[PDB]
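Summary of the model geometry
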There are 2 protein chains.
Amino acid sequence: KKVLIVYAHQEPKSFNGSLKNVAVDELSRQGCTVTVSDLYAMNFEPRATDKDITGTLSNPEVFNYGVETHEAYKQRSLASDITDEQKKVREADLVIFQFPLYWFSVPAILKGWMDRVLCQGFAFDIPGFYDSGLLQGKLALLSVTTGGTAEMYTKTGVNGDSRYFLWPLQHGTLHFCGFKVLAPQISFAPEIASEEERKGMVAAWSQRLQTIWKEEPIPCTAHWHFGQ
Amino acid sequence: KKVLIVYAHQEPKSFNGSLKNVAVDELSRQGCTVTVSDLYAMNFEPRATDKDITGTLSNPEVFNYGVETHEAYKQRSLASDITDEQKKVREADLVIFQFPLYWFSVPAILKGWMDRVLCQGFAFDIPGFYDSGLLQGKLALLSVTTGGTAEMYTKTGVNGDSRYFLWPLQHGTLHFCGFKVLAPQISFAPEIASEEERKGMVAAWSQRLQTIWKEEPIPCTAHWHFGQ
Ligand SMILES: Cc1cc2nc3c(=O)[nH]c(=O)nc-3n(C[C@H](O)[C@H](O)[C@H](O)COP(=O)(O)O)c2cc1C
Ligand SMILES: Cc1cc2nc3c(=O)[nH]c(=O)nc-3n(C[C@H](O)[C@H](O)[C@H](O)COP(=O)(O)O)c2cc1C
Ligand SMILES: [Zn+2]
Ligand SMILES: [Zn+2]
C-alpha cells in the first residue's frame, strides 16, 4: 500500500507535526510506501496563475485558468511543482491531509494544493465528475485539528456540527474527484488540552492507523453531513 | 458610504472582471467611496508564515501563527501588506468579495487574504466573536460565480444546495468576525450561458447594487444554511 500525507503546518514541534510524524512512524512500521508533501517547507505556491502553464497558451488574449490547465495537463506542459504532486497522488492508494482548521477550511497553502494539483483531466473532467471522477479506487482522509472544542462543534453549539464545515472538502473536493472518503480524524482543541490528553489524541490516531486498511468509507452524501 | 471590493480573478476581461467593474461603476455613480484589492495583480501573499511578524517572536522555539500574529497586531509588528488590508477593512462600511467558486470555496489567494488579514485583535478576540466580533456594524457580501448550473446547486442536485457551501465563508468567517451578512450574489455557470445571459447577470448585479443600502442582512444561522 502507498500513502501520501499532504501536510500543512509551519512548526515541526506542533501537535499537527506530532500527528504527521506518528502517521509516518505507524504506516512505515506496517511496511507501507510513505511520501510526505510538507507544503510550508516546500514554500508551495498557492496561487492559480498563468505561470502554471509552460510554453504557449490555448488562448493568450483571454486567460481562463480552468481551460489552460486542462489543455496543459493533456499537453504535458504544467509547471513541475504541479506534476510532481500529481505523480504522488497517482501512485497513492490513500491520501491523508494533515492540517489545522483555518476559517472552517484548509490553510490557504493547502487550498492552493487543491486548486492547482486537482486539475481537469487529472482529478475530474467536464463532464466527468463525482463517481465519474478520475481518482476512483483511491481513499482520502482529513486529519483536522481545531481551536474550538467538541462542544462548540455540535448542532446547537456556536460553530454548528463539525460535519457542516467538512462538506466543501469531503464532498465538493474529494468525492468530486472520485475519492472514497474515510471518516475524518478530528482532534479538538489540542492547545487547550493537557499534555496527557494530547498524547491520548496522538495515540488514538496511531491506533486508528493500525487498522486503516480495514475501514469502509463514509457515505459522502448531504444526509451524512447535515441530516439526522 | 465606503466600500471595499476584495477581487480574486486573474483575467480583467473575465465575467468576474465584468461583475467587479459594474460594482465599481454603480457604487461610484451613487457617490460611494470605492477601493478594490485586486489580489492577483497585487501578487497577494496567501501563505501564513513567520515572515508575517517583523518583531521579536513571543516564542521563537515553537512557532504558533495565531499567537504570534495576535501579539504582532497589538505591538504593530505585522507585515505591511496585512496592515494595508486591515486599514481598507477598518474604513469600509461594506466588504464585497468577488470571486469564482474554487472547490466549493474561495480561490487560495483569497483564502490567504482571510487567513492573514482577519487576525485576532483586529477581526475578533476571545471573547469577542460572532455577534460580538470586532467588525460588528460592517456589512459583507459574497458575489460568487460557478461552473455548475443553478439546478446542480439544489437540495436534490449533485452539488446540493448553494447555501451548503456558503457556511464556512458566511458563518465560520464573516459572521465570526462580527459582520452582518447580506444575501449572496450567485452568478451560475456564466461560461455555459449565452452573451445575452451574461449581460443579464451583470445587469442584475448592477440593478441590485442600486438599492444595496436598503437591504437587511440574512439571519446567518444553521437553519438559514441547512433548513429543518
Ligand atoms: C488563521 C487561523 C484561522 C483559524 N480558524 C479556525 C476556525 O475556523 N475554527 C477553529 O476551531 N480554529 C481555528 N483556528 C485555530 C486552529 O485550528 C488551531 O490553532 C490549531 O488547530 C491547533 O493545532 P496546532 O497546535 O498543531 O497548531 C485558526 C487558526 C488560525 C491561525
Ligand atoms: C481550480 C478550480 C476549481 C473549481 N471548482 C469549482 C467548484 O467547486 N464548483 C463550481 O461550480 N465551479 C468550480 N470551478 C469553475 C469556476 O467556478 C468557473 O470557471 C468560474 O466561476 C467562471 O467564472 P469566470 O468565467 O469569470 O472565470 C472551478 C474552477 C477552477 C479553475
Ligand atoms: Zn460526497
Ligand atoms: Zn452565522
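Sequence-order numbering is used: residues on each chain count from 1 as written, possibly diverging from the entry numbering, and only residues with coordinates are shown. Whichever chain is written first becomes A and whichever ligand is written first becomes 1, with later ones labelled in order. Where side-chain values are given, they derive from all heavy atoms of the structure, hydrogens and water being excluded.

1. A closer look at the coordination of the zinc ion (ligand 4)
Residues and elements named next belong to chain B. We apply this condition: Coordination here is defined by N, O and S atoms within 2.8 Å of the metal (3.2 Å for Na, K and Ca), and since water is not considered, a site can look incomplete. We count a stretch as a helix when DSSP gives it H or I for four or more residues in a row; a strand needs E for two or more, and each element gets its number in order from the N terminus. Type-normalised accessible area, obtained with a 1.4 Å probe on protein chains alone, sets the label of each residue: buried when under 20%, exposed when over 50%, and partly exposed for intermediate values.
At this site the zinc ion (ligand 4) is bound by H171 (ND1), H175 (ND1), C220 (O) and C220 (SG), with donor distances of 2.0 to 2.4 Å. In the primary structure, the donors to the zinc ion (ligand 4) are separated according to the pattern H-x3-H-x44-C. Remark: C220 occurs in the loop between α7 (195-210) and α8 (222-226) and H171 occurs in helix α6 (residues 162-175); sequence separation between them is 49 residues. We classify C220 as buried; its relative accessible area is 8%.

2. What about helix α4 (residues 80-91) of chain B?
Residue and element names in this part refer to chain B. Threshold: Multiply 1.5 Å by the residue count of a helix minus one, and that product is the helix's expected span. The directions from the helix axis to the C-beta atoms form the arc being described. Any pair of residues with heavy atoms lying within 4.5 Å of one another is described as a contacting pair.
End to end, α4 covers 17 Å across 12 residues, agreeing with the expected 16 Å (1.5 Å per residue, within 8%). All buried positions along α4 are accounted for by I82, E85, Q86 and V89. Seen end-on, α4 carries its buried residues on one side only, within an arc spanning 105 degrees. Within α4, the exposed residues directed more than 90 degrees away from the buried face are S80 and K87. Of the surrounding elements, those touching the buried residues of α4 are β1 (2-7), β2 (33-38), α2 (39-42), α3 (65-75) and α5 (108-117).

3. Things to note about the coordination of the zinc ion (ligand 3)
Residues and elements named next belong to chain A. In plain terms, the rule: Under this scheme a four-donor centre is tetrahedral when all angles range from 85 to 135 degrees, a four-donor centre is square planar and a six-donor centre octahedral when opposite donors are above 155 degrees with the rest from 65 to 115, and any other centre is irregular.
Within the protein, the atoms that donate to the zinc ion (ligand 3) are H171 (ND1), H175 (ND1), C220 (O) and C220 (SG), at distances of 2.0 to 2.3 Å. Around the zinc ion (ligand 3), the 4 donor atoms sit at angles spanning 98 to 128 degrees, and that spread fits a shape best called tetrahedral. All donors to the zinc ion (ligand 3) come from one chain, and their sequence spacing reads H-x3-H-x44-C. Of the two residues, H171 and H175 are both situated in helix α6 (residues 162-175); the distance of 4 residues between them amounts to about one turn of the helix. What makes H171 buried here is its relative accessible area of 5%. According to the relative accessible area criterion, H175 is buried, its value standing at 17%.

4. As for the environment of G178(A)
Residues and elements named next belong to chain A. Among the secondary structure elements, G178 is positioned in the loop between α6 and β5 (180-181). Looking at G178, the relative accessible area reads 9%, which means it is buried. Beyond its immediate sequence surroundings of up to four residues, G178 is in contact with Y130, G133, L135, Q136 and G137.

5. Some details on the nonpolar core
Inclusion rule: Buried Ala, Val, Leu, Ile, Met, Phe, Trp, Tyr and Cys residues form a nonpolar core when they are joined through side-chain atoms within 4.5 Å.
Residues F97(A), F99(A), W113(A), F97(B), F99(B) and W113(B) are the most contacted members of the largest nonpolar core, which totals 108 residues. Residues contacting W113(A), with those up to four places away along its chain left out, are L4(A), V6(A), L39(A), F44(A), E85(A), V89(A), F97(A) and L118(A). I5(B), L19(B), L139(B) and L141(B) belong to the second-largest nonpolar core, a separate cluster that totals 20 residues.

6. So, the site of ligand 1
Rule in force here: Proximity criterion: a residue is near a molecule or strand once any of its heavy atoms comes within 4 Å of it. Whenever a nitrogen or oxygen atom comes within 3.5 Å of another N or O atom, the pair is scored as a polar contact, on the condition that within protein one atom can donate a hydrogen and the other can accept it, and that pairs from neighbouring residues in sequence are kept only if both atoms are in side chains. In short, Shrake-Rupley with a 1.4 Å probe defines the accessible areas, and a residue's cover is counted only from the protein chains shown. The classification used treats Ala, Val, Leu, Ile, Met, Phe, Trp, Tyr, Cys and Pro as nonpolar, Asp, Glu, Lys and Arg as charged, and all other residues, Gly among them, as polar.
Taken together, 19 residues lie near ligand 1, and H9(A), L101(A), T145(A), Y153(A) and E191(A) sit nearest. Near ligand 1, the surrounding residues are drawn from chains A and B. Within the side chain of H9(A), one N or O atom sits 2.7 Å away from an oxygen atom of ligand 1. With respect to ligand 1, the backbone of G148(A) contributes an N or O atom lying 2.9 Å from an oxygen atom. Within the complex, 83% of the 640 Å² of free accessible area of ligand 1 lies under protein. For the shell around ligand 1, the secondary structure elements donating two or more residues are α1 (15-30) of chain A together with α3 of chain B. Residues that form the shell around ligand 1 fall into these classes: 9 nonpolar, 8 polar and 2 charged.

7. Re the side chain of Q170(A)
Summarising the element assignment, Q170(A) is placed in helix α6. For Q170(A), a relative accessible area of 0% gives the class buried.

8. A closer look at the environment of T146(A)
All names here are of chain A. Looking at the element boundaries, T146 is found in the loop between β4 (139-145) and α6. Between the C-alpha atoms of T146 and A183, which are 37 residues apart in sequence, the distance is 16 Å. For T146, the residues in contact, after removing those within four places along its chain, are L101, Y153, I186, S187, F188, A189 and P190.

9. Remarks on the UniProt feature "binding site: Zn(2+)" in chain A
Basically, it comes down to this: UniProt positions are given in the numbering used here, feature names are shortened, and annotations may be inferred rather than shown by experiment.
Sites flagged by UniProt as "binding site: Zn(2+)" map to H171(A), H175(A) and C220(A). The largest pairwise C-alpha distance within this set of annotated residues, which runs over 50 residues, is 7.0 Å, so the set is compact in three dimensions. When neighbours within four sequence positions are excluded, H171(A) is seen to be in contact with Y130(A), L166(A), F176(A), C220(A), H225(A), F104(B), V158(B) and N159(B). In this structure, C220(A) is in contact with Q170(A), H171(A), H175(A), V181(A) and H225(A), ignoring residues within four places of it in sequence.

10. Thoughts on the site of ligand 2
If you check the shell around ligand 2, you find 18 residues, and the closest are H9(B), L101(B), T145(B), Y153(B) and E191(B). Ligand 2 is flanked by residues contributed from chains A and B. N16(B) has a polar side-chain atom sitting 2.9 Å from an oxygen atom of ligand 2. One of the backbone N or O atoms of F104(B) is found 2.8 Å from an oxygen atom in ligand 2. When the free accessible area of ligand 2 is taken as 640 Å², the share hidden by the protein chains comes to 84%. Partitioned by chemical class, the residues of the shell around ligand 2 number 9 nonpolar, 7 polar and 2 charged.

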